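Read through the structure below, which is laid out as structure tokens, and then see the notes.
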Amino acid sequence: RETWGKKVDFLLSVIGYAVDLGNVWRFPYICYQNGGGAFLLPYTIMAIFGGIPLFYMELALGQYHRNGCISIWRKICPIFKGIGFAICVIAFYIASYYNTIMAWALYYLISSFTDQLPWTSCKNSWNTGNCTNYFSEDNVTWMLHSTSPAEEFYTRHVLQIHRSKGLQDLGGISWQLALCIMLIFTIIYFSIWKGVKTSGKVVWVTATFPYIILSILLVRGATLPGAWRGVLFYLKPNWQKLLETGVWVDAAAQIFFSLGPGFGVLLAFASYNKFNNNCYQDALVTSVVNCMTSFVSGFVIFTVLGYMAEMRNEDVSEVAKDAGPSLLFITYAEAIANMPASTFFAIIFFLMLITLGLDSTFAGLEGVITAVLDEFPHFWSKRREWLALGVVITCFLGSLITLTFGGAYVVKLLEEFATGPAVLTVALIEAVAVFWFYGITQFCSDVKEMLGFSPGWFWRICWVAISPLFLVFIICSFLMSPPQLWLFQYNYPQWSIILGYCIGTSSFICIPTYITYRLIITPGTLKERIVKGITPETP
Amino acid sequence: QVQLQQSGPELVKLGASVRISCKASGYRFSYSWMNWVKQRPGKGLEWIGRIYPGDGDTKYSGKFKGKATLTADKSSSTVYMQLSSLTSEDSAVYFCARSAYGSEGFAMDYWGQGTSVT
Amino acid sequence: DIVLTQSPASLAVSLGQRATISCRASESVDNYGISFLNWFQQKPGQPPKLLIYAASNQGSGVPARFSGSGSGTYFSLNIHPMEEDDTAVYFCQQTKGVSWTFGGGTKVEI
Ligand SMILES: CC(C)CCC[C@@H](C)[C@H]1CC[C@H]2[C@@H]3CC=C4C[C@@H](OC(=O)CCC(=O)O)CC[C@]4(C)[C@H]3CC[C@]12C
Ligand SMILES: CC(C)CCC[C@@H](C)[C@H]1CC[C@H]2[C@@H]3CC=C4C[C@@H](OC(=O)CCC(=O)O)CC[C@]4(C)[C@H]3CC[C@]12C
Ligand SMILES: CCCCCCCCCCCCO[C@@H]1O[C@H](CO)[C@@H](O[C@H]2O[C@H](CO)[C@@H](O)[C@H](O)[C@H]2O)[C@H](O)[C@H]1O
Ligand SMILES: *[C@@H]1O[C@H](CO)[C@@H](O[C@@H]2O[C@H](CO)[C@@H](O)[C@H](O)[C@H]2NC(C)=O)[C@H](O)[C@H]1NC(C)=O
Ligand SMILES: COC(=O)[C@H]1[C@@H](OC(=O)c2ccccc2)C[C@@H]2CC[C@H]1N2C
Ligand SMILES: [Cl-]
Ligand code: NA
Ligand code: NA
């Protein structure tokens, strides 16, 4: 057994895991759409009530048994051992489109290495038609079908989405994106080549650059004309919108996604921690750091949006007609194109996005490797490198389909599914199993032995009263509202929803399949069949 | 409708210079490349360069980097063209054209009238 | 500077006979699904007129008889049927993002 080494290593690694590429655009969009400037209070309430306890429970579970994401269940509740496979498939599905977005960002960074940014003007070949969506319009002009030059650069040069008619006409593979994703994959492989030592060494570098980059971006945005309007927009309470449970559900989903319990990463990271490590302080520090990082990201995003709106002489939120991964590569692309310092700030922002994605990718791959390996302890000789190569190859094969010209469609389909109810249901299953079958009193005694003091009654009542209730409420709300995907001038067909539902179900279906397998594999009567799978196996 | 107007023919002595303009109207002047071609008497066409009125970026194909200069004036919605060190070898007719959109492969659909330069 | 060669240099095609003109470049002109090659046609003492853009789509004021097709390196332009007013020189030109070059042209007689 190997430990994390330095305590700061685990803290930095889990902090880098907490910060995500999707935490810079989804959070501002969900705060603007629901709640507004008053969205912080329901967000904080939902956080305190249901996200920090889940993080603490996952950290304690990882630190106690020092096992992966499949053997922990076998140690606590063998009847629910399919959670590891569900976590693995969820991580693979996420990592496909995640590496696709990494390739897109790397291509943007490579193309942003010239003195003149290619998306400033629409005189290039990829930009063809509408060019009336510009900055500082001296003369009045308005067309109902205008397209920004940055949008043309993103959708016709990087993505080349104009060559595909949607999910049906999915043909052609971009070689530049292929090379970028190959370099990203080999960088990831070299980062987690040996084990957690190299992972911590690279986290020490790629987890501090994003923070100074964000500080530079904030100080640049503050000294801009019109940043005050964006500041008021981000800080304009709307208490009338807080009277329905939709905003609370959205805030709970956002905080659960940001903290990320049940992803199979916290358990693996805490498995490498010392037995006498205080997980309470670590969990609290990580939670507050992630919350402040999300708040700063929302601040800078809204400041940039307000500056853009002031430059376009119009109210804010009118320059954000599309929400998602394209929001960055459109709005920020235009902002840096109009910025006095274009190349430097564009490169800095692209490097920030690259690091943000890379940290999460290392965390997920390390968690998957730990989960797969800990099931087979007899492979500690020279199997780590082979397993890393295998998981890298699997991720590459999964992202190959997303690497196509029309890969943005499948990337968005995965991101809306690959990340959603499939992970929340897994987290709910984990929590319900731990707090009903393993026993809340047993877990409290275990964590007291770990630290030295019994946990307070607040967590004891929370884990059994409000966390599963909030999780099941989130699941019910999400399952009762079918999604309506909308990419650039394209409406997802009916069969796309069915495909998304089936791929989302294929992850959650692991738990019932393992339940049936354990029921049909454990000899005994009908009543003793469940009993065997509930009591933990003797060491 | 898109109409391109060109000046009449001129006479150039040995080592003199000429100035050729091209008035563009009826469309977005600042969002369409302006390119000029050279047609020798009895011979084929010859591209001479292009210029973007909205950005002022000029591109040269052959050895006309120091021989031909392209300037644009958005105030009057016209594109100018200047040639230096003109001899009898280039005693041809120079045309003016506007490039189309990118999705049409920078089509050279609209032409001018051509000026007979001696 | 992509070099474009047009063959044959002179075509002798009468009424009722298909007139196929093909010019081959040196490098591929397809980058985003559009072939950066256009075909022109000029009469003696007349400005040239665009016939087809992107080597696959007909122009605005161009008769449907000036059909063209091709992708990659080889492009073809066929006129069927053709009249006595088609005895004009046809030029094919590339529109790459670095430099543009013109061909040689075919002298169509009758
Ligand atoms: C406001 C935004 C725009 C930028 C703010 C930057 C901070 C969010 C980053 C920059 C450096 C990061 C710190 C780098 C050093 C670590 C040491 C770590 O200390 C420990 O608890 C363990 C160390 C040990 O075991 O000795 C606590 C988190 C912390 C302060 C990190 C917390 C988050 C920091 C301050
Ligand atoms: C400055 C504002 C506008 C930023 C918005 C974020 C904060 C309002 C949220 C984010 C994280 C929340 C914190 C997450 C960690 C907990 C630990 C908690 O510690 C305890 O003593 C309670 C647990 C116990 O005693 O059993 C006190 C509240 C606190 C700091 C929360 C207080 C409210 C916080 C800071
Ligand atoms: C219990 C077993 C379940 C097996 C798997 C079932 C999968 C069912 C198909 C996917 C269901 C819908 O999937 C989920 O839809 C919700 C809304 O409904 C989307 O949610 C979206 O809109 C909601 C508002 O309604 C926002 O709060 C949220 O941030 C946004 O992402 C999720 O992004 C998507 O993950
Ligand atoms: C500006 O964008 C609009 C729509 O995004 C373009 O309108 C479409 O043009 C294509 C090709 O010209 C037609 O096939 C579509 O039918 C048009 N859409 C509609 C709703 O009519 C417009 O052409 C663009 N401007 C350009 C390219 O200059
Ligand atoms: C899309 O989900 C993620 O990126 C998750 C996470 O990433 C992964 O779990 C992951 C898994 C496999 C590959 C890459 C990332 C980073 C943070 C914390 C939870 C969540 N994100 C907000
Ligand atoms: Cl958040
Ligand atoms: Na987060
Ligand atoms: Na990260």
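Letters A, B, ... mark the chains of the structure tokens in the order given; residue numbers begin at 1 per chain; ligand numbers begin at 1, in order shown.
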With 7 Å as the cut-off and only C-alpha atoms counted, what is the closest atom pair between each nearby residue of chain B and chain C? Distances in Å to one decimal, ordered by chain and number, as a Markdown table.
| residue | atom | partner | partner_atom | distance |
| --- | --- | --- | --- | --- |
| B:44 | CA | C:104 | CA | 5.9 |
| B:45 | CA | C:102 | CA | 6.4 |
| B:46 | CA | C:102 | CA | 5.7 |
| B:47 | CA | C:101 | CA | 6.0 |
| B:61 | CA | C:99 | CA | 5.3 |
| B:104 | CA | C:54 | CA | 5.5 |
| B:105 | CA | C:36 | CA | 4.8 |
| B:106 | CA | C:95 | CA | 6.4 |
| B:107 | CA | C:53 | CA | 5.5 |
| B:108 | CA | C:50 | CA | 6.4 |
| B:109 | CA | C:50 | CA | 4.9 |
| B:113 | CA | C:47 | CA | 6.4 |
Put those residues in a file: C-alpha atoms, as a PDB file, in the first residue's frame.
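part_8.pdb written:
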ATOM      1  CA  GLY B  44      -4.967  34.965 -71.206  1.00  0.00           C
ATOM      2  CA  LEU B  45      -5.810  36.587 -67.901  1.00  0.00           C
ATOM      3  CA  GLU B  46      -3.284  37.192 -65.126  1.00  0.00           C
ATOM      4  CA  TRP B  47      -4.105  37.783 -61.467  1.00  0.00           C
ATOM      5  CA  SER B  61       0.943  36.693 -56.212  1.00  0.00           C
ATOM      6  CA  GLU B 104     -19.104  30.236 -53.036  1.00  0.00           C
ATOM      7  CA  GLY B 105     -15.326  29.767 -53.247  1.00  0.00           C
ATOM      8  CA  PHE B 106     -14.513  33.493 -53.503  1.00  0.00           C
ATOM      9  CA  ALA B 107     -16.377  33.706 -56.805  1.00  0.00           C
ATOM     10  CA  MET B 108     -15.279  36.507 -59.138  1.00  0.00           C
ATOM     11  CA  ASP B 109     -18.826  37.024 -60.370  1.00  0.00           C
ATOM     12  CA  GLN B 113     -15.100  47.444 -67.546  1.00  0.00           C
TER      13      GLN B 113
END
Exercise. Grab me every residue within 9 Å of ligand 3, counting only C-alpha atoms and all ligand atoms, and send it over as JSON, numbers by chain.
Key: {"A": [26, 27, 29, 30, 34, 246, 247, 249, 250, 251, 252, 253, 254, 414, 415, 416, 417, 418, 419, 420, 421, 422, 424, 425, 426, 475, 476, 477, 478, 479, 480, 481, 482, 483, 484, 497, 498, 499, 500, 501, 502, 503, 504, 505, 506, 507, 508, 509]}
Quiz prompt | strand (DSSP E) positions in range 403-505 of chain A, given as JSON, numbers by chain | solution = {"A": [486, 487, 490, 491]}
Exercise. Fewer than 2 positions away in the same chain doesn't count, so skip those; otherwise give me all residues within 10 Å of range 18-21 of chain B, counting only C-alpha atoms, as JSON, numbers by chain.
Key: {"B": [5, 6, 7, 8, 9, 10, 11, 12, 13, 16, 23, 24, 69, 70, 71, 72, 78, 79, 80, 81, 82, 83, 84, 85, 86, 94, 95, 96, 114, 115, 117]}
List all protein, DNA and RNA residues that have at least one atom no more than 7 Å from any atom of ligand 6, counting only C-alpha atoms and all ligand atoms, and write them as a PDB file with N, CA, C and O atoms, in the first residue's frame.
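Okay, result_35.pdb is ready:
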ATOM      1  N   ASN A  23     -17.648  24.056 -14.961  1.00  0.00           N
ATOM      2  CA  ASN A  23     -17.996  24.888 -13.817  1.00  0.00           C
ATOM      3  C   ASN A  23     -17.813  26.375 -14.092  1.00  0.00           C
ATOM      4  O   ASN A  23     -18.066  27.190 -13.200  1.00  0.00           O
ATOM      5  N   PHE A  27     -22.515  27.189 -14.312  1.00  0.00           N
ATOM      6  CA  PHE A  27     -22.916  27.905 -13.103  1.00  0.00           C
ATOM      7  C   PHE A  27     -23.439  29.309 -13.389  1.00  0.00           C
ATOM      8  O   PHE A  27     -24.515  29.656 -12.871  1.00  0.00           O
ATOM      9  N   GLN A 254     -26.736  21.912  -9.392  1.00  0.00           N
ATOM     10  CA  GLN A 254     -25.490  22.593  -9.727  1.00  0.00           C
ATOM     11  C   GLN A 254     -24.418  22.334  -8.676  1.00  0.00           C
ATOM     12  O   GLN A 254     -23.264  22.039  -9.010  1.00  0.00           O
ATOM     13  N   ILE A 255     -24.779  22.436  -7.394  1.00  0.00           N
ATOM     14  CA  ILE A 255     -23.782  22.224  -6.346  1.00  0.00           C
ATOM     15  C   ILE A 255     -23.359  20.759  -6.294  1.00  0.00           C
ATOM     16  O   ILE A 255     -22.185  20.451  -6.054  1.00  0.00           O
ATOM     17  N   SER A 258     -20.932  20.322  -9.115  1.00  0.00           N
ATOM     18  CA  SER A 258     -19.657  20.984  -8.856  1.00  0.00           C
ATOM     19  C   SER A 258     -18.821  20.205  -7.847  1.00  0.00           C
ATOM     20  O   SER A 258     -17.640  19.929  -8.088  1.00  0.00           O
ATOM     21  N   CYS A 291     -16.453  26.668  -3.852  1.00  0.00           N
ATOM     22  CA  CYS A 291     -17.497  27.687  -3.894  1.00  0.00           C
ATOM     23  C   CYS A 291     -16.929  29.047  -4.283  1.00  0.00           C
ATOM     24  O   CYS A 291     -17.508  29.753  -5.119  1.00  0.00           O
ATOM     25  N   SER A 294     -16.032  29.024  -8.011  1.00  0.00           N
ATOM     26  CA  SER A 294     -17.224  29.173  -8.839  1.00  0.00           C
ATOM     27  C   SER A 294     -17.742  30.606  -8.802  1.00  0.00           C
ATOM     28  O   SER A 294     -18.168  31.146  -9.830  1.00  0.00           O
TER      29      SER A 294
END
Quiz item: Got a sec to pull out which chain A residues are within 10 Å of chain B, counting only C-alpha atoms, and send them as a list in words?
Solution: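 Residues passing the distance filter: residues 121, 122, 123, 124, 125, 126, 127, 128, 129, 130, 131 and 132 of chain A.
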Using only C-alpha atoms, find each residue in chain A having at least one atom no more than 12 Å away from chain C; report its shortest atom-to-atom pair and that distance in Å (one decimal), rows by chain then rising number, as a Markdown table.
| residue | atom | partner | partner_atom | distance |
| --- | --- | --- | --- | --- |
| A:123 | CA | C:97 | CA | 10.4 |
| A:124 | CA | C:97 | CA | 7.8 |
| A:125 | CA | C:97 | CA | 7.1 |
| A:126 | CA | C:32 | CA | 7.4 |
| A:127 | CA | C:32 | CA | 10.9 |
| A:128 | CA | C:34 | CA | 11.3 |
| A:153 | CA | C:32 | CA | 11.7 |
| A:155 | CA | C:32 | CA | 11.1 |
| A:156 | CA | C:32 | CA | 7.5 |
| A:157 | CA | C:32 | CA | 7.5 |
| A:158 | CA | C:32 | CA | 10.3 |
| A:159 | CA | C:32 | CA | 10.4 |
| A:160 | CA | C:32 | CA | 7.0 |
| A:161 | CA | C:32 | CA | 9.7 |
| A:162 | CA | C:32 | CA | 8.4 |
| A:163 | CA | C:33 | CA | 6.6 |
| A:164 | CA | C:33 | CA | 10.2 |
| A:171 | CA | C:33 | CA | 11.7 |
| A:172 | CA | C:33 | CA | 10.1 |
| A:173 | CA | C:32 | CA | 11.6 |
| A:174 | CA | C:32 | CA | 10.2 |
| A:175 | CA | C:31 | CA | 11.4 |
| A:176 | CA | C:31 | CA | 12.0 |
| A:405 | CA | C:32 | CA | 10.1 |
Output of the above residues as an mmCIF file, in the first residue's frame, restricted to N, CA, C and O atoms:
data_model
loop_
_atom_site.group_PDB
_atom_site.id
_atom_site.type_symbol
_atom_site.label_atom_id
_atom_site.label_comp_id
_atom_site.auth_asym_id
_atom_site.auth_seq_id
_atom_site.Cartn_x
_atom_site.Cartn_y
_atom_site.Cartn_z
ATOM 1 N N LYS A 123 -12.981 37.957 -42.992
ATOM 2 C CA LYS A 123 -12.445 37.959 -44.346
ATOM 3 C C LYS A 123 -11.845 36.619 -44.754
ATOM 4 O O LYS A 123 -11.473 36.458 -45.921
ATOM 5 N N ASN A 124 -11.743 35.665 -43.835
ATOM 6 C CA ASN A 124 -11.112 34.388 -44.125
ATOM 7 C C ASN A 124 -12.063 33.482 -44.906
ATOM 8 O O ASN A 124 -13.206 33.838 -45.208
ATOM 9 N N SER A 125 -11.575 32.284 -45.241
ATOM 10 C CA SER A 125 -12.364 31.361 -46.051
ATOM 11 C C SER A 125 -13.505 30.743 -45.252
ATOM 12 O O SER A 125 -14.607 30.556 -45.781
ATOM 13 N N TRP A 126 -13.263 30.413 -43.980
ATOM 14 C CA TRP A 126 -14.293 29.749 -43.187
ATOM 15 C C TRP A 126 -15.482 30.669 -42.930
ATOM 16 O O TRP A 126 -16.629 30.210 -42.898
ATOM 17 N N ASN A 127 -15.234 31.963 -42.744
ATOM 18 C CA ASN A 127 -16.318 32.933 -42.645
ATOM 19 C C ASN A 127 -16.820 33.254 -44.047
ATOM 20 O O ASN A 127 -16.044 33.691 -44.904
ATOM 21 N N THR A 128 -18.114 33.039 -44.284
ATOM 22 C CA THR A 128 -18.676 33.144 -45.625
ATOM 23 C C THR A 128 -19.654 34.303 -45.770
ATOM 24 O O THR A 128 -19.451 35.182 -46.611
ATOM 25 N N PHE A 153 -16.050 31.141 -37.270
ATOM 26 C CA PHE A 153 -14.756 30.512 -37.023
ATOM 27 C C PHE A 153 -14.914 29.228 -36.217
ATOM 28 O O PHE A 153 -14.251 28.222 -36.497
ATOM 29 N N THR A 155 -17.752 27.271 -35.803
ATOM 30 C CA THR A 155 -18.619 26.252 -36.382
ATOM 31 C C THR A 155 -18.214 25.822 -37.786
ATOM 32 O O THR A 155 -18.789 24.860 -38.307
ATOM 33 N N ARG A 156 -17.248 26.494 -38.415
ATOM 34 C CA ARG A 156 -16.855 26.152 -39.776
ATOM 35 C C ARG A 156 -15.365 25.900 -39.956
ATOM 36 O O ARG A 156 -14.976 25.379 -41.006
ATOM 37 N N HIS A 157 -14.524 26.245 -38.982
ATOM 38 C CA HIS A 157 -13.092 25.988 -39.061
ATOM 39 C C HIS A 157 -12.620 24.988 -38.017
ATOM 40 O O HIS A 157 -11.940 24.015 -38.355
ATOM 41 N N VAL A 158 -12.964 25.203 -36.749
ATOM 42 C CA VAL A 158 -12.576 24.264 -35.700
ATOM 43 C C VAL A 158 -13.482 23.039 -35.717
ATOM 44 O O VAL A 158 -13.023 21.907 -35.916
ATOM 45 N N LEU A 159 -14.783 23.247 -35.509
ATOM 46 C CA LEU A 159 -15.727 22.137 -35.532
ATOM 47 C C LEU A 159 -16.048 21.681 -36.949
ATOM 48 O O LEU A 159 -16.255 20.483 -37.174
ATOM 49 N N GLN A 160 -16.089 22.611 -37.906
ATOM 50 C CA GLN A 160 -16.496 22.324 -39.281
ATOM 51 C C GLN A 160 -17.873 21.662 -39.311
ATOM 52 O O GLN A 160 -18.108 20.676 -40.013
ATOM 53 N N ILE A 161 -18.794 22.225 -38.525
ATOM 54 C CA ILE A 161 -20.136 21.669 -38.398
ATOM 55 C C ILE A 161 -20.969 21.835 -39.659
ATOM 56 O O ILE A 161 -21.989 21.152 -39.810
ATOM 57 N N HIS A 162 -20.559 22.717 -40.574
ATOM 58 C CA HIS A 162 -21.323 22.944 -41.796
ATOM 59 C C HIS A 162 -21.251 21.765 -42.759
ATOM 60 O O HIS A 162 -22.074 21.682 -43.676
ATOM 61 N N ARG A 163 -20.294 20.860 -42.573
ATOM 62 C CA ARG A 163 -20.150 19.692 -43.431
ATOM 63 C C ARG A 163 -21.019 18.521 -42.990
ATOM 64 O O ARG A 163 -21.026 17.486 -43.664
ATOM 65 N N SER A 164 -21.746 18.655 -41.883
ATOM 66 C CA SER A 164 -22.589 17.592 -41.357
ATOM 67 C C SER A 164 -24.015 18.095 -41.185
ATOM 68 O O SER A 164 -24.239 19.221 -40.729
ATOM 69 N N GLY A 171 -20.035 12.116 -40.899
ATOM 70 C CA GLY A 171 -18.922 11.614 -41.682
ATOM 71 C C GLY A 171 -17.784 12.610 -41.706
ATOM 72 O O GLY A 171 -17.978 13.815 -41.531
ATOM 73 N N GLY A 172 -16.586 12.089 -41.927
ATOM 74 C CA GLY A 172 -15.393 12.921 -41.977
ATOM 75 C C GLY A 172 -14.769 13.119 -40.611
ATOM 76 O O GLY A 172 -15.446 13.321 -39.603
ATOM 77 N N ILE A 173 -13.439 13.063 -40.581
ATOM 78 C CA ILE A 173 -12.670 13.198 -39.350
ATOM 79 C C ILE A 173 -11.627 14.288 -39.551
ATOM 80 O O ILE A 173 -10.862 14.250 -40.521
ATOM 81 N N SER A 174 -11.597 15.257 -38.637
ATOM 82 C CA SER A 174 -10.622 16.336 -38.703
ATOM 83 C C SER A 174 -9.265 15.845 -38.211
ATOM 84 O O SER A 174 -9.156 15.293 -37.111
ATOM 85 N N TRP A 175 -8.231 16.047 -39.029
ATOM 86 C CA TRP A 175 -6.896 15.581 -38.672
ATOM 87 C C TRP A 175 -6.228 16.472 -37.631
ATOM 88 O O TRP A 175 -5.474 15.971 -36.789
ATOM 89 N N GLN A 176 -6.482 17.782 -37.671
ATOM 90 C CA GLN A 176 -5.913 18.677 -36.667
ATOM 91 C C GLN A 176 -6.454 18.354 -35.280
ATOM 92 O O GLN A 176 -5.700 18.295 -34.301
ATOM 93 N N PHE A 405 -16.532 15.621 -37.795
ATOM 94 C CA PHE A 405 -16.919 16.999 -38.083
ATOM 95 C C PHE A 405 -18.190 17.383 -37.337
ATOM 96 O O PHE A 405 -18.289 18.488 -36.789
#
Practice problem: Write out as a PyMOL selection string each polymer residue (protein, DNA or RNA) that has an atom no more than 6 Å from ligand 2, with only C-alpha atoms and all ligand atoms counted. | Solution: chain A and resi 44+284+287-288+291+456+458
List the neighbours of residue 375 in chain A out to 10 Å using only C-alpha atoms; skip same-chain residues closer than 6 positions along the sequence, and give me the result as an mmCIF file with N, CA, C and O atoms, in the first residue's frame.
data_model
loop_
_atom_site.group_PDB
_atom_site.id
_atom_site.type_symbol
_atom_site.label_atom_id
_atom_site.label_comp_id
_atom_site.auth_asym_id
_atom_site.auth_seq_id
_atom_site.Cartn_x
_atom_site.Cartn_y
_atom_site.Cartn_z
ATOM 1 N N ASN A 67 -9.451 1.412 -0.236
ATOM 2 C CA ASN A 67 -9.783 0.598 -1.396
ATOM 3 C C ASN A 67 -10.305 1.497 -2.511
ATOM 4 O O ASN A 67 -10.464 2.709 -2.341
ATOM 5 N N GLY A 68 -10.591 0.888 -3.660
ATOM 6 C CA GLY A 68 -10.986 1.639 -4.835
ATOM 7 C C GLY A 68 -12.444 2.042 -4.832
ATOM 8 O O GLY A 68 -12.936 2.599 -3.847
ATOM 9 N N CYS A 69 -13.144 1.787 -5.935
ATOM 10 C CA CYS A 69 -14.557 2.120 -6.050
ATOM 11 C C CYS A 69 -15.447 0.898 -6.212
ATOM 12 O O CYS A 69 -16.671 1.050 -6.302
ATOM 13 N N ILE A 70 -14.877 -0.303 -6.262
ATOM 14 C CA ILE A 70 -15.645 -1.536 -6.323
ATOM 15 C C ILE A 70 -15.440 -2.388 -5.077
ATOM 16 O O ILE A 70 -16.384 -3.017 -4.592
ATOM 17 N N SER A 71 -14.216 -2.423 -4.546
ATOM 18 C CA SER A 71 -13.941 -3.219 -3.356
ATOM 19 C C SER A 71 -14.505 -2.588 -2.090
ATOM 20 O O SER A 71 -14.715 -3.299 -1.100
ATOM 21 N N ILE A 72 -14.755 -1.277 -2.095
ATOM 22 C CA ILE A 72 -15.356 -0.626 -0.932
ATOM 23 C C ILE A 72 -16.744 -1.194 -0.672
ATOM 24 O O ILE A 72 -17.101 -1.521 0.468
ATOM 25 N N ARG A 74 -17.869 -4.145 -1.661
ATOM 26 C CA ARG A 74 -17.670 -5.510 -1.185
ATOM 27 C C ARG A 74 -17.308 -5.535 0.294
ATOM 28 O O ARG A 74 -17.701 -6.460 1.016
ATOM 29 N N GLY A 84 -19.185 0.267 -8.939
ATOM 30 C CA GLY A 84 -17.885 0.489 -9.555
ATOM 31 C C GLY A 84 -17.947 0.473 -11.071
ATOM 32 O O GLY A 84 -17.370 1.334 -11.740
#
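The contact shell of ligand 5, defined as all polymer residues within 6 Å when only C-alpha atoms and all ligand atoms are used, comprises residues 17, 18, 19, 20, 91, 92, 94, 95, 257, 258, 259, 260, 263, 360, 361, 364, 365 and 419 of chain A.
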Okay, now the selection with N, CA, C and O atoms, as a CSV table (one decimal), in the first residue's frame?
chain,number,residue,atom,x,y,z
A,17,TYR,N,-9.6,18.4,-9.0
A,17,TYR,CA,-10.8,17.6,-9.4
A,17,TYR,C,-12.0,18.4,-9.2
A,17,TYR,O,-12.9,18.3,-10.1
A,18,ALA,N,-12.2,19.2,-8.2
A,18,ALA,CA,-13.4,20.0,-7.9
A,18,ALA,C,-13.6,21.0,-9.0
A,18,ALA,O,-14.7,21.2,-9.5
A,19,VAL,N,-12.5,21.7,-9.4
A,19,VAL,CA,-12.7,22.7,-10.5
A,19,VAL,C,-12.8,22.0,-11.8
A,19,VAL,O,-12.1,21.0,-12.1
A,20,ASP,N,-13.7,22.5,-12.6
A,20,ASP,CA,-14.0,21.8,-13.9
A,20,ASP,C,-14.2,22.8,-15.0
A,20,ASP,O,-14.5,24.0,-14.8
A,91,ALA,N,-17.6,7.5,-16.2
A,91,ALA,CA,-16.3,8.2,-16.5
A,91,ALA,C,-15.9,8.1,-17.9
A,91,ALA,O,-15.4,9.1,-18.5
A,92,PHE,N,-16.0,6.9,-18.5
A,92,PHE,CA,-15.7,6.8,-19.9
A,92,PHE,C,-16.5,7.6,-20.8
A,92,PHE,O,-16.1,8.3,-21.7
A,94,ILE,N,-18.2,10.4,-20.0
A,94,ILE,CA,-17.9,11.8,-19.8
A,94,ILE,C,-16.5,12.1,-20.5
A,94,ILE,O,-16.4,13.1,-21.2
A,95,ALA,N,-15.5,11.2,-20.3
A,95,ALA,CA,-14.2,11.5,-20.8
A,95,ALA,C,-14.2,11.6,-22.4
A,95,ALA,O,-13.3,12.2,-22.9
A,257,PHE,N,-23.3,18.7,-8.9
A,257,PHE,CA,-22.3,18.5,-10.0
A,257,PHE,C,-21.0,19.1,-9.7
A,257,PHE,O,-19.9,18.5,-10.0
A,258,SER,N,-20.9,20.3,-9.1
A,258,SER,CA,-19.7,21.0,-8.9
A,258,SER,C,-18.8,20.2,-7.8
A,258,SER,O,-17.6,19.9,-8.1
A,259,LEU,N,-19.4,19.8,-6.7
A,259,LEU,CA,-18.7,19.1,-5.7
A,259,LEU,C,-18.4,17.7,-6.2
A,259,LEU,O,-17.3,17.1,-6.1
A,260,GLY,N,-19.4,17.0,-6.9
A,260,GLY,CA,-19.2,15.8,-7.6
A,260,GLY,C,-19.0,14.6,-6.6
A,260,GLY,O,-18.0,14.0,-6.6
A,263,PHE,N,-18.8,10.1,-8.1
A,263,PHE,CA,-18.1,10.0,-9.4
A,263,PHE,C,-17.0,8.9,-9.4
A,263,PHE,O,-16.4,8.7,-10.4
A,360,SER,N,-9.3,17.5,-14.2
A,360,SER,CA,-10.5,16.6,-14.0
A,360,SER,C,-10.2,15.3,-14.8
A,360,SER,O,-10.6,14.2,-14.3
A,361,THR,N,-9.5,15.4,-15.9
A,361,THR,CA,-9.2,14.2,-16.7
A,361,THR,C,-8.3,13.3,-15.9
A,361,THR,O,-8.5,12.0,-15.8
A,364,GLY,N,-10.3,11.7,-13.0
A,364,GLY,CA,-11.2,10.6,-13.4
A,364,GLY,C,-10.4,9.4,-13.8
A,364,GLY,O,-10.8,8.3,-13.5
A,365,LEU,N,-9.3,9.5,-14.6
A,365,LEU,CA,-8.6,8.4,-15.0
A,365,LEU,C,-7.9,7.7,-13.8
A,365,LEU,O,-7.9,6.4,-13.8
A,419,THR,N,-23.5,13.2,-18.1
A,419,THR,CA,-23.4,13.9,-16.9
A,419,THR,C,-24.9,14.4,-16.6
A,419,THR,O,-25.4,15.3,-17.3
Quiz item: Do you know which residues are at most 10 Å from residue 25 in chain C counting only C-alpha atoms, after dropping those on the same chain fewer than 6 positions away, and could you put them as a ChimeraX atom specification?
Solution: /C:2-6,37,72-75,92-94,103
